[PDB]
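To start, the structure itself, in structure tokens.
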Amino acid sequence: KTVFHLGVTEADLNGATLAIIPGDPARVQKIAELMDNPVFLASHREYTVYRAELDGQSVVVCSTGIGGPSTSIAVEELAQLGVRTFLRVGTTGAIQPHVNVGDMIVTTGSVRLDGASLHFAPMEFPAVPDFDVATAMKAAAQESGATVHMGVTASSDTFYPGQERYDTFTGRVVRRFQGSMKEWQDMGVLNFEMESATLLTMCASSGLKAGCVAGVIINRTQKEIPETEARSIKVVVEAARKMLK
Amino acid sequence: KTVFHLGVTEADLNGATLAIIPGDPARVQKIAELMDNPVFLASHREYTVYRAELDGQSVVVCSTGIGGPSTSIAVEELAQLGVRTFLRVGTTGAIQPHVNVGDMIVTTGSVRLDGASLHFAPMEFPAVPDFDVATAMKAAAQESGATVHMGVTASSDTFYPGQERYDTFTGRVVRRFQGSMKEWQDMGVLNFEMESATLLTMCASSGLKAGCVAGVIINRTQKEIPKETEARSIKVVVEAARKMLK
Amino acid sequence: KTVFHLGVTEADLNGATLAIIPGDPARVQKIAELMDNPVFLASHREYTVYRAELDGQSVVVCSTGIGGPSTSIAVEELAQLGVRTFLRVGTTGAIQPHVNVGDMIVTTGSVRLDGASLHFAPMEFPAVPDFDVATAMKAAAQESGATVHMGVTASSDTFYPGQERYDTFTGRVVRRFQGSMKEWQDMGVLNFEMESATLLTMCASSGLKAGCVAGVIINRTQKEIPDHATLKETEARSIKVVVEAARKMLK
Amino acid sequence: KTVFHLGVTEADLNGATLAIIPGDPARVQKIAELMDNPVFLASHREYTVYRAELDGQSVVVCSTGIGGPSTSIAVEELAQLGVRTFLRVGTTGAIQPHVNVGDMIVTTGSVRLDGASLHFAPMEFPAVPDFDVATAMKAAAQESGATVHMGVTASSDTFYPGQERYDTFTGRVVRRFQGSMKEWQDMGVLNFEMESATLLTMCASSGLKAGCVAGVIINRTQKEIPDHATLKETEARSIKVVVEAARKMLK
Amino acid sequence: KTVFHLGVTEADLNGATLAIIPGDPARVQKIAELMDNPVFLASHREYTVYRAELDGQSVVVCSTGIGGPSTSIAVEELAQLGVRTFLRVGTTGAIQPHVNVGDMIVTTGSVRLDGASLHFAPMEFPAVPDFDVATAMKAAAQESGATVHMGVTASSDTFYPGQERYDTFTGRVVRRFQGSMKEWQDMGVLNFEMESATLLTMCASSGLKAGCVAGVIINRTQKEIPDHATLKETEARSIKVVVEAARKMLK
Amino acid sequence: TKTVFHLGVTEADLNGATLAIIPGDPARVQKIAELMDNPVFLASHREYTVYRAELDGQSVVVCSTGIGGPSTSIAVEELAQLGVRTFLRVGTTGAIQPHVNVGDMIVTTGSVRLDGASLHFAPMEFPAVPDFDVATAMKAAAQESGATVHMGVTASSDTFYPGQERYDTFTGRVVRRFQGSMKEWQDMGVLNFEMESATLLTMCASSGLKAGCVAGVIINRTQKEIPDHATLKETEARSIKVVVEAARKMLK
Ligand SMILES: Cc1cn([C@H]2C[C@H](O)[C@@H](CO)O2)c(=O)[nH]c1=O
Ligand SMILES: Cc1cn([C@H]2C[C@H](O)[C@@H](CO)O2)c(=O)[nH]c1=O
Ligand SMILES: Cc1cn([C@H]2C[C@H](O)[C@@H](CO)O2)c(=O)[nH]c1=O
Ligand SMILES: Cc1cn([C@H]2C[C@H](O)[C@@H](CO)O2)c(=O)[nH]c1=O
Ligand SMILES: Cc1cn([C@H]2C[C@H](O)[C@@H](CO)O2)c(=O)[nH]c1=O
Ligand SMILES: Cc1cn([C@H]2C[C@H](O)[C@@H](CO)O2)c(=O)[nH]c1=O
Ligand SMILES: [Cl-]
Ligand SMILES: [Cl-]
Ligand SMILES: [Cl-]
Ligand SMILES: [Cl-]
Ligand SMILES: [Cl-]
Ligand SMILES: [Cl-]
Ligand SMILES: [Cl-]
Ligand SMILES: [Cl-]
Ligand SMILES: [Cl-]
Ligand SMILES: [Mg+2]
Ligand SMILES: [Mg+2]
Ligand code: NA
Ligand code: NA
Ligand code: NA
């Protein structure tokens with residue numbers, strides 16, 4: 001059995017039904033090495049795939065690249081190969097002043113500012129994580145000693161206008177996203193990232209278990225553009241450990 | 001002091017920051033009596049308000065009536081009077097064949113088939129419960145010996161076409177909702193009700209903590225038209241409230 | 001035989017094909033007693049059901065509760081039991097300075113700021129009353145001697161942000177409804193209520209005859225506070241009108 | 001003062017506050033001559049404008065052309081020149097089997113299957129006629145001896161796919177409109193035309209009185225090719241009705 | 001054999017597979033006379049139809065009237081009569097300060113501020129001209145010595161609020177279009193007209209080749225009242241360009 | 001002076017380049033760069049591999065976009081901040097018209113916006129349209145390579161599977177919106193599916209940037225035959241040859 005993009009087979013996964021899915025291909029090996037016997041499987045495009053053992057159980061680590069589209073491909077093809085549980089880890093920008101750099105966020109629900117989520121469920125469907133994964137992620141994050149926030153994540157198909165950044169080439173933002181950061185802020189939204197809406201909606205509507213944990217590397221009340229990453233991947237691995245049956 | 005609809009003042013609530021919000025006004029006293037010193041506060045329209053004490057702390061029980069609109073009023077006016085945590089309990093129709101009558105469902109997210117939620121946040125915003133409330137509801141429901149399901153709830157502004165019932169006056173359902181139950185079913189949606197989308201969206205976007213627990217009284221794979229489930233449901237929401245009390 | 005929510009049967013209605021549908025269950029008896037032989041049928045949730053006779057014909061009075069969702073249930077279940085005509089009565093807040101407290105509004109069309117209407121017809125479908133019912137309601141309202149306004153009603157799924165109220169817990173109104181009050185006022189919208197859009201859309205698309213008449217009890221463009229005698233009279237006149245409107249609808 | 005398209009001035013209208021607005025420029029003179037002292041004012045593009053007198057009061061007749069866009073231009077520019085009341089008359093195709101060819105329809109609300117209405121009010125706003133105009137049209141229609149239907153009109157930006165016609169170049173209808181006629185039929189929609197949604201929405205949200213009356217030229221459940229003598233009689237009656245409706249509005 | 005509105009037959013067209021479609025009925029003759037053996041075919045409503053010969057090949061010239069609805073009818077019925085290629089020429093108002101009065105615009109894509117386009121394809125579908133037609137139009141326009149702009153055209157279902165004109169009867173513009181002018185300007189949109197969105201979307205989704213070329217009559221950042229000689233020269237240049245564009249499209 | 005956050009390059013790194021060639025695959029970046037003079041690796045972060053090269057004495061950037069509008073929008077934006085004004089998109093595609101063969105080339109004249117990122121630059125009404133000069137240069141270059149070239153509409157999806165109505169998936173389910181969508185696009189004359197054009201074109205057309213998309217057809221959803229290996233390899237090489245030629249035409 002083969003897949004179009006990931007360059008791996010079901011056999012390469014060694015019966016793994018859980019995958020950790022960072023965005024950056026270069027973080028895949030780093031995640032894999034936190035577990036036992038990390039093995040490089042394949043590397044094509046933004047998709048770097050590693051396999052490792054966690055408490056004697058096979059775990060896949062597969063980068064998604066940036067954004068819902070490349071993420072949806074990874075999730076689908078991993079699903080075709082037996083993966084049922086997806087643990088998202090990444091960096092994020094906080095929009096609440098009380099959420100500090102270094103804090104960890106576990107997404108209880110995503111504002112669907114993406115297009116890919118709509119390819120699995122209409123907008124009315126909630127971009128919500130599997131409750132067990134969100135629970136495992138909260139537990140792993142809190143046990144690590146990190147400061148953890150459970151709440152809503154604004155998930156944008158763009159890094160710049162969709163997160164209302166103005167230090168850009170045009171220096172402007174389409175009507176929809178003008179004043180949007182303050183809007184999300186007033187609505188209690190914790191942070192911005194770019195994959196959770198797609199991942200959560202796709203999985204919640206496909207019989208797949210998913211959750212998102214993110215390390216805050218910037219607070220948007222302070223500035224627009226930028227370890228926390230190291231602690232984040234330790235957390236997602238322990239979250240994976242908690243998810244293992 | 002005094003809110004437009006609920007007919008109660010902040011002083012009436014005795015410092016209560018948590019509310020249990022059933023739909024049926026007749027359920028209010030039944031919930032209240034499970035706690036200490038229940039007292040009738042006011043009854044206006046579909047809004048019946050009791051105050052009670054749970055482990056020393058004041059707790060409000062307030063009916064919402066059916067639907068997001070009447071619910072949004074209760075939640076807002078209770079919020080004006082200092083309530084920050086809202087525990088929804090009610091009945092629901094399951095759409096998954098493995099979810100049985102008597103089971104309980106704690107909503108982890110609502111399909112927003114309502115209009116009121118849009119008055120607090122755009123459709124992209126997730127109709128999501130507070131995690132502590134959802135966690136407390138699961139624990140409470142499990143401890144009661146009930147079979148508990150965590151998952152997505154379809155929350156409809158109508159009981160009939162929005163939940164794709166056909167045994168109706170017209171026997172007709174608008175295009176949007178034709179085949180919708182099968183669609184939600186394939187998407188793993190657990191059940192139908194009418195208040196969660198509004199409640200969850202409103203609270204999640206207003207700095208209020210909310211969650212929903214529901215006793216399944218009908219499985220929609222079996223039929224369209226629906227008491228031990230009733231009694232167990234309110235005991236759970238009270239225990240969930242106890243877990244939430246700080 | 002017995003509808004799930006209203007807890008009544010077709011026999012309970014005594015052949016009634018017309019329902020008067022106030023929002024407040026406590027108003028149901030008051031309306032019923034304006035007619036002959038008022039009889040309490042059932043009371044469940046926000047649904048209080050009476051039956052009465054008007055010119056020898058059975059009329060149902062059934063409360064809807066607040067909002068389109070609970071309203072849609074009452075209308076549907078009454079329709080299952082043979083009711084074909086629905087007369088909405090209540091009180092409302094005017095948003096036009098020329099519309100005074102005590103005046104009455106007959107809705108010719110509703111701004112669909114609700115969600116339940118979408119469960120019967122897509123947004124492009126007009127939330128309009130049956131022409132005969134609107135005609136009857138206008139006639140009854142004018143014959144009562146009150147000043148009557150025929151126009152568009154903003155029908156909101158919320159009492160607060162959807163009607164751009166800022167005196168709230170958050171004090172915040174979502175982008176969609178920011179400045180919406182001014183917008184509706186400029187478009188000539190007469191008033192805000194919370195059931196008409198659902199009711200009118202549901203009925204106009206389901207072969208049911210419906211209309212809405214309301215007594216103006218407050219005006220948000222006027223800082224003046226109406227006296228208790230005016231509010232009481234308005235409340236009484238509104239239900240007097242809807243019963244006379246029913247009388248005109250009877251065949 | 002001058003306008004951009006109609007080529008008429010306020011002085012040309014001689015104080016007219018009411019306009020009868022047919023779709024076909026050829027129909028303008030036919031309407032005008034039913035009144036006193038018809039005078040050709042201008043003819044630019046689809047806009048043929050006549051002035052006439054009805055019971056001593058100036059009345060403007062102005063064609064709209066086909067569709068909301070050209071209609072919205074006419075209504076706006078007439079409004080700039082002092083016109084406050086607009087009486088739409090036009091041909092239509094019925095979609096209900098109980099509505100016969102030769103019957104008349106007065107629109108109580110329009111299904112907004114257009115785009116121009118959205119330029120005046122969001123979709124939730126009802127495409128509703130002024131109640132006096134609808135009432136005047138119903139009376140004038142009934143008094144002409146015609147069988148009159150009050151109800152919802154589906155108002156489409158296209159003649160073909162938006163009215164679900166398949167006998168076309170591509171024979172294709174976009175997903176949105178596939179099975180739409182059946183849907184409108186089930187929702188009790190009476191007929192198709194192409195201007196009412198824009199007209200009613202624009203006017204209802206701009207402080208203008210508007211209404212639509214139409215002669216049924218074809219029934220979509222029957223045949224597309226109308227019989228000549230029947231068509232002629234219907235069209236003659238429709239313009240007589242709208243003039244009488246204008247008379248009722250001016251009184 | 002017979003079309004519903006145009007009043008012409010396939011035989012009338014003499015094997016013409018290309019149509020030049022101006023908006024103004026009066027422009028049809030002007031365009032036809034730029035070609036050989038111009039022949040008046042029919043004139044009904046907005047639809048003035050002429051036939052002519054360009055390099056020995058039949059070309060039909062047909063007015064569309066204002067707006068997508070009347071345009072969609074013309075295109076469809078011409079298509080039924082064998083037309084496969086549609087060349088749009090029309091007047092436009094530019095919104096970019098660098099686009100001068102008298103310049104020419106060839107639409108590379110249209111902002112779909114209309115409703116009729118939605119009757120052929122969902123909003124996500126690009127309102128895009130056929131590449132050959134756009135190429136031919138650009139070449140014709142540039143060869144004429146005109147200053148030519150390739151870019152996006154905002155295509156509105158209204159002349160007034162949809163193009164954010166405030167000098168109107170109400171002086172009001174619905175929320176959607178408030179500040180929309182500035183928005184389109186910042187997005188590099190070149191001009192406003194009222195037919196391209198419908199035309200381009202309809203044709204690109206129906207196997208029909210279409211394109212739009214327009215003479216800039218006014219600039220919205222300047223004045224609304226065009227100078228007569230400048231306008232005349234621009235309009236004359238535009239029709240010469242579209243005919244030469246038609247010549248390039250001839251196979 | 002600044003180094004853009006994702007691409008990890010500076011304005012000085014680009015050597016005055018105002019045109020960028022933007023493939024999807026990072027591995028293809030060097031392959032494109034070496035078709036020009038003095039290719040130099042600039043940076044590789046995430047799915048973004050950036051090379052600089054020279055075409056007729058003028059600096060040109062080659063930068064991968066990764067898969068999808070979101071990652072593409074980042075690349076385009078940050079290159080734009082560093083002075084890039086013209087973006088030439090090249091990539092593989094799946095044709096959905098029986099008259100389009102594997103090995104043929106498609107130049108997008110407009111994109112069906114089945115994405116989300118495009119909405120972050122312009123409302124849905126706005127056309128996902130290429131710059132006319134870029135589309136013209138791409139057509140000419142494609143023709144000059146001897147390829148069969150198709151000018152037309154491209155469906156640009158945020159997903160490879162349900163948004164392109166693939167049913168051979170984990171769920172085998174396709175959401176209501178996209179059920180029967182393939183046939184709909186086909187009947188509407190849509191030529192192919194890819195996953196970046198709507199975002200790219202909408203973003204650039206509304207931001208004063210020039211952009212165009214050219215694509216090598218590597219598969220046809222209507223043809224049951226398996227694409228020949230030799231044709232596929234030729235198509236890969238031809239597509240990047242064409243885009244460099246298109247760049248040359250755009251430069252001068
Ligand atoms: C810091 C930061 C990261 N991200 C996410 C998106 C990408 O997947 C990743 C790298 O930018 O981090 C944001 O969306 N917004 C931010 O402010
Ligand atoms: C049994 C059942 C209850 N409900 C909810 C709606 C009301 O709030 C309440 C009473 O009907 O229960 C549904 O929405 N669907 C159902 O099938
Ligand atoms: C005064 C007032 C009443 N109402 C309606 C809503 C309720 O159904 C009813 C009681 O508040 O009156 C409004 O919607 N807006 C108003 O301003
Ligand atoms: C007969 C008929 C007429 N019309 C309208 C549209 C035109 O404005 C006018 C002439 O066709 O009549 C329809 O829209 N649908 C129909 O079926
Ligand atoms: C001058 C001008 C013309 N037009 C078009 C619309 C009509 O089709 C035609 C005549 O006004 O020109 C606009 O849409 N906007 C403008 O500013
Ligand atoms: C063959 C094919 C490729 N693609 C694009 C998406 C990816 O960016 C790239 C590699 O799969 O090609 C499609 O979108 N659909 C298709 O059918
Ligand atoms: Cl990452
Ligand atoms: Cl920071
Ligand atoms: Cl309850
Ligand atoms: Cl049905
Ligand atoms: Cl059951
Ligand atoms: Cl009431
Ligand atoms: Cl007419
Ligand atoms: Cl013209
Ligand atoms: Cl590529
Ligand atoms: Mg700048
Ligand atoms: Mg029946
Ligand atoms: Na209610
Ligand atoms: Na027209
Ligand atoms: Na990517």
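Basis for what follows: all heavy atoms, side chains included, without hydrogens, waters or symmetry-related copies. Letters A, B, ... mirror the listed sequences (proteins, then strands); counts begin at 1.
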Task: Donor-acceptor pair, side chain of F/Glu245 and main chain of F/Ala142, under 3.5 angstrom - done: no

Open item on the list: Is the ring pair F/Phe160/A/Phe4 parallel, tilted or perpendicular, if the boundaries are 30 and 60 degrees?
Closed with: tilted

Task: Heavy-atom donor-acceptor pair, A/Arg175 side chain to E/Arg176 backbone, under 3.5 Å - done: yes

TODO: Give a yes or no answer on whether the side chain of E/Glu164 reaches the backbone of E/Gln178 with a donor-acceptor pair at less than 3.5 Å.
DONE: no

- [ ] List for me each residue that meets side chain to side chain donor-acceptor pair (under 3.5 Å) alongside F/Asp13, sequence neighbours excluded, and say none if there are none.
- [x] F/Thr10

Task: Check: F/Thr18 and F/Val84 side chains under 4.5 Å, non-hydrogen atoms - done: no

Open item on the list: Nearest 0.5 angstrom please: E/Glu124 CD to F/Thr202 OG1, how far?
Closed with: 11.5 Å

Task: Six-ring centre of A/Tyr166, A/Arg172 cation under 6.0 angstrom, axis tolerance 45° - done: no

Open item on the list: Is the shortest side-chain heavy-atom distance between F/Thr136 and E/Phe131 below 4.5 Å?
Closed with: yes

Task: A/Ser155 versus A/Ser110, side-chain donor and acceptor atoms under 3.5 Å - done: no

Task: Shortest non-hydrogen separation from A/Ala197 to A/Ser117 and the atoms involved - done: O-CB, 3.6 Å

- [ ] Over all heavy atoms of both residues, which pair between F/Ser207 and A/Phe169 is shortest? Give the atoms and the distance, please.
- [x] O-CE2, 3.2 Å

TODO: Mind running side chain to side chain contact (heavy atoms under 4.5 Å, CB included) on E/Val213 and E/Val148 for me, showing each step along the way?
DONE: CA-CA 10 Å; E/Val213 62; E/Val148 187; over 6 Å; no

Open item on the list: Quick check against the 3.5 Å criterion: does A/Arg165 have a side-chain atom that pairs as donor or acceptor with the backbone of A/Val173?
Closed with: no

Open item on the list: Looking at F/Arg113 and F/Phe126, would you say the former's side chain and the latter's main chain have a donor-acceptor pair under 3.5 Å?
Closed with: yes

TODO: Would you check if F/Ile74 and F/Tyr48 make a side-chain contact, meaning some heavy-atom pair closer than 4.5 Å?
DONE: yes

Open item on the list: As an exercise, state the distance from CD of F/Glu11 to CG of F/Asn15, rounded to the nearest 0.5 Å.
Closed with: 11.0 Å

Task: Distance in Å, F/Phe87 CZ paired with F/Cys204 SG, rounded so as to fall on 0.5 Å steps - done: 5.5 Å

Open item on the list: Run F/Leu7 and F/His45 through side chain to side chain contact (heavy atoms under 4.5 Å, CB included) and show every step you take.
Closed with: CA-CA 6 Å; F/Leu7 268 35; F/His45 306 269; over 6 Å; no

Task: Approximate separation, where rounding is to 0.5 Å, of F/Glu236 CD and F/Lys31 NZ - done: 6.0 Å

Task: Side-chain donor or acceptor of E/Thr108 paired with backbone N/O of E/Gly151 under 3.5 Å - done: yes

Task: Expected output: side-chain E/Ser205 to main-chain E/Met202 donor-acceptor under 3.5 Å - done: yes

- [ ] Please tell me if the side chains of F/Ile32 and F/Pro23 come closer than 4.5 Å, counting only heavy atoms from C-beta onward.
- [x] yes

Task: Test item: F/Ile240 and F/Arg28 side chains (from C-beta on) under 4.5 Å apart, heavy atoms - done: yes

Task: Shortest non-hydrogen contact from A/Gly68 toward A/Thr198 - done: CA-OG1, 3.2 Å

- [ ] Give the minimum heavy-atom separation between F/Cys213 and F/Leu201, together with the two atoms involved.
- [x] SG-CD2, 4.0 Å

Task: side chain to side chain donor-acceptor pair (under 3.5 Å) between F/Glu184 and F/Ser181, intermediate numbers included - done: CA-CA 5 Å; F/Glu184 286 169 336; F/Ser181 61; 5.3 Å; no

- [ ] Over all heavy atoms of both residues, which pair between F/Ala95 and F/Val217 is shortest? Give the atoms and the distance, please.
- [x] CB-CG1, 3.8 Å

- [ ] With side chain to side chain contact (heavy atoms under 4.5 Å, CB included) as the test, would you mind laying out the steps for F/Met195 and F/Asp158 before giving the verdict?
- [x] CA-CA 6 Å; F/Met195 299 182 56; F/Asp158 262 5; 5.9 Å; no

TODO: Begin from the C-alpha positions of E/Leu190 and E/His98 and carry the test side chain to side chain contact (heavy atoms under 4.5 Å, CB included) through to its verdict.
DONE: CA-CA 9 Å; E/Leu190 296 178; E/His98 70 272; 4.3 Å; yes

TODO: Please list all pairs passing the salt bridge (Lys or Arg N to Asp or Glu O under 4.0 Å) test where one or both residues lie in residues 64-91 of chain F, with sequence neighbours left out.
DONE: F/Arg89-F/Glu196

Open item on the list: I'd like to check A/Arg220 versus A/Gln163 (side-chain heavy atoms, cut-off strictly below 4.5 Å). Are they in contact?
Closed with: yes

TODO: Say whether, by atom type as modelled, one donor and one acceptor occur between the side chain of A/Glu46 and the main chain of F/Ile67 under 3.5 angstrom.
DONE: yes

TODO: Look up atom CG in F/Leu88 and atom CD1 in F/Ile22, then write down how far apart they are to the nearest 0.5 Å.
DONE: 8.0 Å

Open item on the list: Under a 3.5 Å threshold, yes or no: a donor from one side chain and an acceptor from the other, between A/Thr92 and A/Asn191?
Closed with: yes

Task: A/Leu113 backbone acceptor or donor facing F/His120 side chain under 3.5 Å - done: yes

TODO: Enter the distance from A/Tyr160:OH to A/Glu224:CD here, rounded to the nearest 0.5 Å.
DONE: 9.5 Å

Task: salt bridge (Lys or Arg N to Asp or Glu O under 4.0 Å) evaluation trace for E/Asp132 with F/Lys139 - done: CA-CA 11 Å; E/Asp132 295 323; F/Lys139 180 184 178 181; 3.6 Å; yes

Task: Minimum side-chain heavy-atom gap F/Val175-A/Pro122 below 4.5 Å - done: yes

Open item on the list: Is it the case that over 12 heavy atoms from other parts of the model lie below 6.0 angstrom from the NZ atom of F/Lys249?
Closed with: yes

- [ ] Decide yes or no for A/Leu118 and A/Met123: does some side-chain heavy atom of the first lie under 4.5 Å from some side-chain heavy atom of the second?
- [x] yes

Task: Backbone N/O of A/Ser156 and side chain of A/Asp114: donor-acceptor pair under 3.5 Å - done: no

Task: Heavy-atom pair with the smallest gap, counting every atom of F/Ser73 and A/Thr158 - done: OG-CG2, 3.7 Å

